[PDB]
Protein chains: 2
Amino acid sequence: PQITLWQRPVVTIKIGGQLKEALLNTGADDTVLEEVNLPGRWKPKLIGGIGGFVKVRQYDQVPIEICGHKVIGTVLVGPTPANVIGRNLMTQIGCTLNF
Amino acid sequence: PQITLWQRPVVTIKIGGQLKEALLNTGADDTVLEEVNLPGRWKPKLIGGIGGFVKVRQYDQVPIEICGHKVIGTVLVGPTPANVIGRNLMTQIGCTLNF
């Protein structure tokens with residue numbers, strides 16, 4: 001698709017057999033999702049940092065569908081003011097900024 | 001241009017006869033720039049909000065050049081961990097997300 005930016009670029013994602021809403025955020029390096037019980041091994045990761053860090057769980061090679069594009073990538077799971085799709089998953093879906 | 005998102009989408013902007021660097025951030029509604037002595041009238045605006053707001057100066061109809069695209073738009077001037085181009089200026093330059 002082509003998404004214009006008059007509104008916040010909120011899209012539907014599919015992960016853990018759940019449909020969710022997330023913001024396409026080019027200002028974010030990584031993808032952070034509210035708590036979800038993804039299966040298997042994970043490793044601790046610190047995100048944020050301004051005023052202190054937030055600890056989340058890094059899951060790798062996660063199948064996730066974004067706007068009906070199935071891709072594989074790293075998803076961080078833990079507290080976030082809203083689900084955020086970062087640049088790491090945007091490269092996987094072949095999402096670019098164009099003007 | 002077409003900007004891929006393997007790296008942070010930092011671009012050169014031109015404002016107040018100054019060249020600066022700023023991040024193209026689809027996660028941001030508005031454009032926030034470090035203190036710069038833009039001329040003329042402005043009105044107070046509160047930004048952020050999580051843990052408290054930050055007061056900045058809203059300047060309207062500001063000429064700004066982004067990647068050599070001259071546009072006109074609202075720029076908020078005050079503290080920011082780095083200069084940020086928000087969706088408001090991205091619509092002016094005709095910048096979209098594509099995949």
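By convention in this document, chain letters (A, B, ...) are assigned in the order of the sequence lines, proteins followed by strands, and residues within each chain are numbered from 1. All heavy atoms count here, side chains included; hydrogens, waters and symmetry mates do not.
Note on B/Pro9, B/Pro1, B/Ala28: by heavy-atom pairs under 4.5 Å with chain A, the leading option is B/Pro1. Note: B/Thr26 leads B/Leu24, B/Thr26, B/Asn25 in heavy-atom pairs under 4.5 Å with chain A.
A 4.5 Å side-chain heavy-atom check between A/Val11 and A/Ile3 finds at least one atom pair inside the cut-off. Between B/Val62 and B/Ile15, some side-chain heavy-atom pair lies under the 4.5 Å cut-off.
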Could you pull out all donor-acceptor pairs under 3.5 Å where a side-chain atom in residues 42-57 of chain A meets a protein atom, sequence neighbours excluded?
| residue | atom | partner | partner atom | Å |
| --- | --- | --- | --- | --- |
| A/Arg57 | NE | A/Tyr59 | OH | 2.8 |
| A/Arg57 | NH1 | A/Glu35 | OE1 | 2.8 |
| A/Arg57 | NH1 | A/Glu35 | OE2 | 3.2 |
| A/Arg57 | NH2 | A/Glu35 | OE2 | 2.6 |
| A/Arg57 | NH2 | A/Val36 | O | 3.4 |
| A/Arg57 | NH2 | A/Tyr59 | OH | 3.2 |

Please output the side-chain donor-acceptor pairs of residues 81-98 of chain A that fall under 3.5 Å, not counting sequence neighbours, one pair per line with the distance.
| residue | atom | partner | partner atom | Å |
| --- | --- | --- | --- | --- |
| A/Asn83 | OD1 | A/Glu34 | N | 2.8 |
| A/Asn83 | ND2 | A/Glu21 | O | 3.0 |
| A/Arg87 | NH1 | B/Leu5 | O | 2.9 |
| A/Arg87 | NH1 | B/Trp6 | O | 3.1 |
| A/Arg87 | NH1 | B/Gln7 | O | 3.4 |
| A/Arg87 | NH2 | A/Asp29 | OD1 | 2.8 |
| A/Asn88 | OD1 | A/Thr31 | N | 3.1 |
| A/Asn88 | OD1 | A/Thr31 | OG1 | 2.8 |
| A/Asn88 | ND2 | A/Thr74 | O | 3.0 |
| A/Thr91 | OG1 | A/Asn88 | O | 3.0 |
| A/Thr96 | OG1 | A/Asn98 | ND2 | 2.7 |
| A/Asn98 | OD1 | B/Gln2 | NE2 | 2.8 |
| A/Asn98 | ND2 | A/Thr96 | O | 3.3 |

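Applying the 6.0 Å contact sphere to NZ of A/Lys14 captures no more than 12 heavy atoms from other residues, nucleotides or ligands. Atom CD of B/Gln18 sits in a crowded spot, with more than 12 heavy atoms from other residues, nucleotides or ligands closer than 6.0 Å.
Chain A is approached within less than 4.5 Å, heavy atom to heavy atom, by B/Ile66, B/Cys67, B/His69 from residues 64-72 of chain B, ordered by number.
Other cluster members for A/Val10: A/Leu23, joined by side-chain heavy-atom distances under 4.5 Å among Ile, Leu, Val, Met, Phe, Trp and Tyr.
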